[PDB]
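A.B. asks: let me see the structure of the following:
(8 chains, ligands or ions: 26)
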Amino acid sequence: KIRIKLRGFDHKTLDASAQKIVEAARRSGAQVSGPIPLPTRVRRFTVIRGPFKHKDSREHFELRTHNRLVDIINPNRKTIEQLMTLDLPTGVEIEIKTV
Amino acid sequence: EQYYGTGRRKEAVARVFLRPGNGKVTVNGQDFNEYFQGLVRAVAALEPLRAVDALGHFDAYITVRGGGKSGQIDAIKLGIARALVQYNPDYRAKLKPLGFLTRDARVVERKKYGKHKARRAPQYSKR
Amino acid sequence: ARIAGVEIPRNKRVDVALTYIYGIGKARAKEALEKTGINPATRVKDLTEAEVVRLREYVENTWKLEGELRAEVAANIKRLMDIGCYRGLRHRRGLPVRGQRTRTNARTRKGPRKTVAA
Amino acid sequence: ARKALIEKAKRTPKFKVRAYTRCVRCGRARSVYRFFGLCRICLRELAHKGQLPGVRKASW
Amino acid sequence: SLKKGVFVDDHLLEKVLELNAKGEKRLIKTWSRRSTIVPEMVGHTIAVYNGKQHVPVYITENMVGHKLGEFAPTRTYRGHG
Amino acid sequence: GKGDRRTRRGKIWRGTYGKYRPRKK
Amino acid sequence: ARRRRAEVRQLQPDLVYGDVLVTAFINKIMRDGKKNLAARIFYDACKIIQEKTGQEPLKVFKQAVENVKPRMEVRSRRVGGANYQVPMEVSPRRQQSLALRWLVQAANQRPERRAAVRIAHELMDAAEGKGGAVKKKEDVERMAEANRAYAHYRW
RNA sequence: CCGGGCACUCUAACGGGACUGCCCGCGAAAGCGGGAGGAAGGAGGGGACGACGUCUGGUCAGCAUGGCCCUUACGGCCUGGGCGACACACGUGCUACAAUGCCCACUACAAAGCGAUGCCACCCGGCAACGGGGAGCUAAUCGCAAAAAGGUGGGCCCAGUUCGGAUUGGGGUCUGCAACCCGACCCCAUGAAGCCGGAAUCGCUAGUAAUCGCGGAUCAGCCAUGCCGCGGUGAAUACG
Ligand SMILES: [Mg+2]
Ligand SMILES: [Mg+2]
Ligand SMILES: [Mg+2]
Ligand SMILES: [Mg+2]
Ligand SMILES: [Mg+2]
Ligand SMILES: [Mg+2]
Ligand SMILES: [Mg+2]
Ligand SMILES: [Mg+2]
Ligand SMILES: [Mg+2]
Ligand SMILES: [Mg+2]
Ligand SMILES: [Mg+2]
Ligand SMILES: [Mg+2]
Ligand SMILES: [Mg+2]
Ligand SMILES: [Mg+2]
Ligand SMILES: [Mg+2]
Ligand SMILES: [Mg+2]
Ligand SMILES: [Mg+2]
Ligand SMILES: [Mg+2]
Ligand SMILES: [Mg+2]
Ligand SMILES: [Mg+2]
Ligand SMILES: [Mg+2]
Ligand SMILES: [Mg+2]
Ligand SMILES: [Mg+2]
Ligand SMILES: [Mg+2]
Ligand SMILES: [Mg+2]
Ligand SMILES: [Zn+2]
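C.D. replies: Numbers count the residues shown, from 1 in each chain, chains lettered A, B, ... in the order given. Ligands and ions are numbered 1, 2, ... in the order given. Please see the structure below:
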């Protein structure tokens, strides 16, 4: 009934930060339904490639914001604690809400 | 109790359900000729039926989404060609020569910087 | 028949033939058509002089058309000129009066081109 | 741009209509991205060294 | 077009509203060409700036809804060669 | 056509709404 | 087409008369990409070939097409002197396209206000032989008659 | 919508998957034709990618920077003006000159993006722009959203027109300290040039060209028909 919202830029660190939590939940607690990949929201910047003027010849980059959702159904105070201080993320951001 | 097939054309995709009957066709909660009324390429989707000899053998209930009316129709045609290839897949024998077993790789080519339409290029000036 | 000075519309269709009057078209037509309870879809060739005079009476009385309309837009601009006003100057020289770059084609307002040497 | 110009960009009050964006690495008033606060040459310059987080060049 | 509005600048608005109730009237130089004109402006002689200098503009009752820079044009022309 | 602001087709092009393209669905 | 033989674009057969000729003709009636309008026009045309004429409208088409098919044409060629006009025969493929092309363009020059009636009448007059698009096929052949002197320069 | 399931569509990470590896033909080989594969071939279609170098190419106004140069100004602040000028000339465009078309009513089918300093459903006032109210959403969860063409149905009857909407008059809405110069938009009136464009000249080889809408960046607002992208329907033709 309490779910976790995963975001980030590199999906190398984003995926690997869901999978530790899956077994810091499954083994470590009650039932938790597997990682669901919410769609990636893509900011794009297209820009003139040189300093002055060549209006053709752009280069574009993009900032990929990936989402990942894992639902946890029932509280086990080892899940709460393991998922509190055993945090090992890097550029990932996590969220939790009771509702 | 039924047979199934999958096809897609240009971001449009089709779910095909085949459960034998009069030949009645249902599309997304609609009669076939109602949804597609007035579109003259419609009957080309069930073209693999006509060549499989099954006329009023099968009814059809079909869900479809994405793309547009006239490219969805090609997505159904592959659906029916992958569903008919389920009931006695000796119907592979003459389906693929007719070309009803291949998916269209053809899609919108993108846009290029410096161009206008991704090939169409701006008028040359010279002066 | 004839409305607003002379201005005879004929044949065609009645809501259309109403456009052919100075000061009127589209809206001001399809309005006075039901306001006089007349079918717009009919043809001005035939109709009761009844629905004809009800129709001239409305229009010619309601708003100003033709002569007095043109006379008003005249003196309105005369007012913008000779008050020394900006827009007045743009009328005085016959140049474009709102926004409108004049380095290139103003042509509708400017007249046809009068070319000169480089 | 000039100095007092890169400055005045920051002095934002008096009629906030006058607040205009400016590059934090240039002073450049033109082609500044709200998101980065960088302008378009700098975006291209920092993105190319890896110093723009999770910003990769696109191809498709 | 404003309407809940009719923007006039307060700077000359003062000196004009005065020249009614002071009783006396004369020549007043303002930079404000954004402002609208009248009622108590009419008959006053206001010098408006074009970017270069201050142009005398006499005021009357059909100048009413017209901004003060209508009557001070910004560009010098006289045609071509 | 796409430049008659007094038509459906025109409005759509300019991107706007009005008596000739009232917003209802 | 420097290296290749430029193999031919091939079309899906028709959804009524079941014929490639018809589709390849339909396409030529199609302005700015609308196929729906293209067929709805053509199909109304053979409706006109029915109530008007007791004949079978498909058969008219193959006939009207075969009459407006040019047998020979004059192609430009450059030589040990100036540019010339050399008579040759239209390849089967080429005859196709021209007949379909001329048919439509002739059709649109017909004064009839409605599109289908245009192609209708033309295709009738075409089959019966007196068509404006036939005047062309004929005419083209007439050029290659008069130039038969230069017909030794063919390739 | 509920239970229920996630099988499917899909969402997104990881692999798989065709390498001329296989069949006859040719050939000395590399390869090439041809066959059957298979969703796909002969580098599958498209990106990203651009050798030593050339143009004493472009940029001292993105920035950096040697040198020269101004030092109550060649620096600095502001109010206003100009960059928007108009006898004219050229480049890129948009809307058209209509009946495979215009208008009105109804009826459908996309993708990619954006938004809780915002996107605003839904209700009311308004012809309308818009204004009141006001629920949801840190957003596959609410909103932009109507996609348009198309479809059906009726209207127009070849007319400088129900074509085309430039110009101008009057009336208003909004952002903003402020819309005279210079804003965008709505309504009413006005309805111009234009009946496929001299010499000349451009783009495109397929899901391309034509044609139809949609989103974003910048951004208070906007002169965007621009630019970067997304899908809808969808030709013709390559002898050589
Ligand atoms: Mg997809
Ligand atoms: Mg496209
Ligand atoms: Mg360009
Ligand atoms: Mg150039
Ligand atoms: Mg303007
Ligand atoms: Mg100007
Ligand atoms: Mg500096
Ligand atoms: Mg600003
Ligand atoms: Mg800026
Ligand atoms: Mg019109
Ligand atoms: Mg070999
Ligand atoms: Mg390479
Ligand atoms: Mg230097
Ligand atoms: Mg410098
Ligand atoms: Mg200075
Ligand atoms: Mg200043
Ligand atoms: Mg400029
Ligand atoms: Mg030039
Ligand atoms: Mg343009
Ligand atoms: Mg004329
Ligand atoms: Mg202005
Ligand atoms: Mg005409
Ligand atoms: Mg032209
Ligand atoms: Mg090519
Ligand atoms: Mg747009
Ligand atoms: Zn910068």
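A.B. asks: what's the neighbour count on residue D:2?
C.D. replies: For residue D:2, the tally of surrounding residues (other Cβ atoms under 10 Å in any protein chain shown) stands at 8. From N, CA and C alone the C-beta is placed, and that goes for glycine too.
A.B. asks: wait, residue G:90
C.D. replies: 21.
A.B. asks: apart from its neighbours in sequence, what residue is nearest residue A:36?
C.D. replies: Spatially, and ignoring its direct neighbours in sequence, residue A:36 is nearest to residue A:69 (4.8 Å; Cβ to Cβ, 6 or more residues apart in numbering or on different chains).
A.B. asks: surely the one you found meets residue A:33?
C.D. replies: No. Between residue A:69 and residue A:33 there is no contact under Cβ atoms under 8 Å: 9.5 Å.
A.B. asks: in contact with the residue of chain B with the smallest separation from chain G, which residues are there?
C.D. replies: At 4.6 Å from chain G, residue B:40 is the closest residue in chain B, using Cβ to the nearest Cβ. Going by Cβ atoms under 8 Å, 6 or more residues apart in numbering or on different chains, residue B:40 touches G:15, G:35, G:36, G:39, G:40, G:43.
A.B. asks: element containing it?
C.D. replies: Following DSSP states H and E, one finds residue B:40 outside all helices and strands.
A.B. asks: with residue C:30 instead?
C.D. replies: Applying DSSP H and E, one finds residue C:30 within helix C:27-35.
A.B. asks: could you do residue B:62 as well?
C.D. replies: Residue-wise, residue B:62 maps onto strand B:60-65 under DSSP H and E.
A.B. asks: next SSE after that strand?
C.D. replies: Where DSSP H and E defines the elements, the next helix or strand beyond strand B:60-65 is helix B:69-83.
A.B. asks: name the helices or strands packed onto that next one?
C.D. replies: Identification of packing neighbours for helix B:69-83 by 3 or more Cβ pairs under 8 Å, 6 or more residues apart in numbering or on different chains; DSSP states H and E yields strand B:3-9, strand B:12-18, helix B:47-50, strand B:60-65.
A.B. asks: with respect to burial, which of those scores highest?
C.D. replies: Stretch with highest mean neighbour count among the helices and strands packed on helix B:69-83: strand B:12-18 (a mean of 21; mean count of other Cβ atoms under 10 Å in any protein chain shown).
A.B. asks: need the contact partners of that one.
C.D. replies: Looking at strand B:12-18 with Cβ under 8 Å, 6+ apart, the contacting residues turn out to be B:2-8, B:58-68, B:71-72, B:75-76, B:78-80, B:82-84, B:87.
A.B. asks: top helix in the chain by residue count?
C.D. replies: No chain specified, so I'll use chain A. In chain A, with assignment by DSSP state H, the single longest helix is helix A:11-23.
A.B. asks: sorry, should have said chain D
C.D. replies: helix D:40-47.
A.B. asks: please report how far residue B:73 lies from chain E.
C.D. replies: Distance, residue B:73 to chain E, by Cβ to the nearest Cβ, to the nearest Å: 52 Å.
A.B. asks: what sits against the spatially closest residue to that residue that is not a sequence neighbour?
C.D. replies: Closest residue in space to residue B:73, ignoring its immediate chain neighbours: residue B:45 at 4.7 Å, by Cβ to Cβ, 6+ apart. Listed by Cβ under 8 Å, 6+ apart, the contact partners of residue B:45 are B:73, B:74, B:76, B:77, B:80.
A.B. asks: got TSV for these, with neighbour count too?
C.D. replies: Compiled in TSV, those are given as follows (neighbours: other Cβ atoms under 10 Å in any protein chain shown):
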residue	neighbour count
B:73	22
B:74	22
B:76	27
B:77	22
B:80	28
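A.B. asks: for residue F:16, state which of the residues you listed is nearest.
C.D. replies: residue B:73 (34.7 Å; Cβ to Cβ).
A.B. asks: show me the contacts for that closest one.
C.D. replies: For residue B:73, the contacting residues are B:36, B:39, B:41, B:42, B:44, B:45, by Cβ under 8 Å, 6+ apart.
A.B. asks: my read: residue B:85 touches residue B:98, true?
C.D. replies: No. The criterion here is Cβ under 8 Å, and residue B:85 misses it with residue B:98 at 11.8 Å.
A.B. asks: these two: who's more crowded?
C.D. replies: The neighbour comparison of residue B:85 against residue B:98 (other Cβ under 10 Å) goes to residue B:85, with 21 against 12.
A.B. asks: if I look at that one, how far off is chain E?
C.D. replies: When residue B:85 is compared with chain E (using Cβ to the nearest Cβ), they lie 68 Å apart.
A.B. asks: same thing with residue A:1?
C.D. replies: Computed as Cβ to the nearest Cβ, the residue A:1 to chain E distance reads 52 Å.
A.B. asks: do you know how far that residue is from residue G:38?
C.D. replies: As defined by Cβ to Cβ, to the nearest Å, residue A:1 lies at a distance of 59 Å from residue G:38.
A.B. asks: if you count surrounding residues, which of those two has more?
C.D. replies: Neighbours were counted for residue A:1 and for residue G:38 using other Cβ under 10 Å; residue G:38 has more, 20 against 9.
A.B. asks: helix, strand or coil for that one?
C.D. replies: helix (DSSP: H, G, I helix; E, B strand; the rest coil).
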